[PDB]
Amino acid sequence: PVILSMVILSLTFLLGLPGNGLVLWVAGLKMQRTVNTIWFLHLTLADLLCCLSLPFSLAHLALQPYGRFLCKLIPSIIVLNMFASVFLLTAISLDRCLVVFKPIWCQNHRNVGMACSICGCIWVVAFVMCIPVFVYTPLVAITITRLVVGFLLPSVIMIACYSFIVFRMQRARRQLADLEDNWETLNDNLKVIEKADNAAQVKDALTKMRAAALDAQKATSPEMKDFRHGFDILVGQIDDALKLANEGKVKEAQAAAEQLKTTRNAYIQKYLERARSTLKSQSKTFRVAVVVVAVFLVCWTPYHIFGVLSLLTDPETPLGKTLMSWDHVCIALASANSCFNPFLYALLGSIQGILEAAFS
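Using the authors' numbering, the letters of the sequence shown map in sequence onto residues 22 to 85, 89 to 160, 331 to 365, 1001 to 1049, 1060 to 1118, 370 to 439, 449 to 459.
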């Protein structure tokens, strides 16, 4: 099945250089450097460095043609890019979970300088794990070390961080839904009261409005202060209308209830818009990260599976022949991950709108 590996690798290169170059150039010399975009820039740079080495592997597979370098360094680029990508992805997930975490580690030193320092640290940490591959049974230990460091622990970290993030996103949702329900009963009762004659239905509608307003003010920092002050004014106005309707005046209660609309729009509408806006975006920002992580892991799993199988299985076996036959396909797919990654940005994203907005 060597021809299948050949064709898939050639297709990966043919569609890998253009996309990587386009994304790198658009994200690099268009907008300003921020703590968020820098990580994706580093990830795409590592993927581009990985993609640059494909023709050497193609020549090695096709000819099996000068020097030791064919068997010396170009096999190490896969390990290097895998490790750098894993560490950068776990750093992105850690930061995404940190944003919603305690503010003590949010405003301490969160700056572009810290971002590039941590990126350099990540590159160095990925580098110190590259030496064992290049230099030099060892196969017993090095395969286990790569699997444990590159696959298990970071995947656990991303799973925990994203489970906490989705649990926190599932919570606020309901809270908003409750506030929207209270808003809807307030609005429809205020619509009922205008067309309702008699002094009894006015009191019945105002009782419901008062309960809804109290519940809405209960649901939840000058922002909060202003939000609660608006509802205090709302409840006071409801009381004015209630005490007008109690003494058998209908039109005055109608006007008093009409006065509620001004305060409602002036106070609570802006908070409603902010709550709806913030919840919607964070959804997409988390969506892209989760999809990227899932694609990365599903691309890299066959390689680890075949490594474990080769380590466990004794040689001089036809099953060994099958596994070394399919090793080319496994490595080819692992490398095709690099070409796959840039396309999901446009899938889940004017060039600026489809690329730059995808990170923020």
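Virtual Cβ for every residue (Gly too), placed ideally from N, Cα, C.
Closest Cα partner of residue i within the set the options
i, options, result
"residue 70", "1024, 359, 344 and 100", "100"
"residue 1061", "74, 1032 and 1110", "1110"
"residue 49", "1096, 66, 1091 and 107", "66"
"residue 394", "1091, 345 and 1038", "345"
"residue 151", "380, 405, 1031 and 104", "104"
"residue 1103", "1077, 423, 433 and 419", "1077"
"residue 370", "1047, 1020 and 363", "363"
"residue 1049", "1006, 1023 and 1024", "1006"
"residue 41", "24, 434, 81 and 1071", "434"
"residue 158", "131, 96, 342 and 360", "96"
"residue 451", "1092, 28 and 43", "43"
"residue 374", "392, 456, 408 and 45", "456"
"residue 350", "384, 64, 372 and 123", "384"
"residue 1072", "415, 1101 and 90", "1101"
"residue 342", "153, 160 and 360", "153"
"residue 1002", "1116, 1040, 98 and 1041", "1116"
Simplified DSSP state of residue i, which is helix, strand or coil
i, result
"residue 33", "helix"
"residue 134", "coil"
"residue 1017", "helix"
"residue 23", "helix"
"residue 363", "helix"
"residue 76", "helix"
"residue 153", "coil"
"residue 1027", "coil"
"residue 92", "coil"
"residue 125", "coil"
"residue 54", "coil"
"residue 142", "helix"
"residue 1032", "helix"
"residue 85", "coil"
"residue 1089", "coil"
"residue 113", "helix"
"residue 160", "coil"
"residue 97", "coil"
"residue 405", "coil"
Beta-carbon proximity check, residue i vs residue j, cutoff 8 angstroms
i, j, result
"residue 1035", "residue 1094", "no"
"residue 397", "residue 337", "yes"
"residue 454", "residue 47", "yes"
"residue 1028", "residue 1084", "yes"
"residue 436", "residue 389", "no"
"residue 376", "residue 120", "yes"
"residue 378", "residue 438", "yes"
"residue 1038", "residue 1008", "no"
"residue 1045", "residue 1011", "yes"
"residue 54", "residue 149", "no"
Cutoff 8 angstroms: residue i Cβ touching any chain E Cβ
i, result
"residue 27", "The structure shown has no chain E; it contains just one protein chain."
Cβ-Cβ separation, residue j to residue i (assumed contact under 8 angstroms), whole Å
i, j, result
"residue 117", "residue 355", "5 angstroms"
"residue 156", "residue 114", "Between residue 114 and residue 156 the Cβ distance is about 21 angstroms, and since that is not below 8 angstroms, they are no contact."
"residue 382", "residue 427", "Not confirmed; about 11 angstroms, so no contact."
"residue 1074", "residue 1043", "7 angstroms"
"residue 111", "residue 146", "5 angstroms"
"residue 34", "residue 75", "5 angstroms"
"residue 418", "residue 26", "4 angstroms"
"residue 82", "residue 334", "So it is not a contact: roughly 27 angstroms between Cβ atoms."
"residue 429", "residue 392", "Contact flag wrong, Cβ pair sits at about 16 angstroms."
"residue 1092", "residue 1021", "In fact, because the Cβ distance is near 13 angstroms, the residues do not count as touching under 8 angstroms."
Range of the contiguous alpha helix (DSSP H) that encloses residue i
i, result
"residue 1072", "1061 to 1085"
"residue 429", "408 to 437"
"residue 47", "38 to 49"
"residue 64", "58 to 72"
"residue 1104", "1099 to 402"
"residue 1048", "Premise fails: residue 1048 is in no alpha helix (DSSP H) and is neither H nor E."
"residue 332", "332 to 341"
"residue 452", "450 to 458"
Residue i Cβ short of 7 angstroms to the ligand ADP heavy atom set
i, result
"residue 1064", "Among the ligands in the structure shown, none appear at all, so the ligand ADP cannot be discussed."
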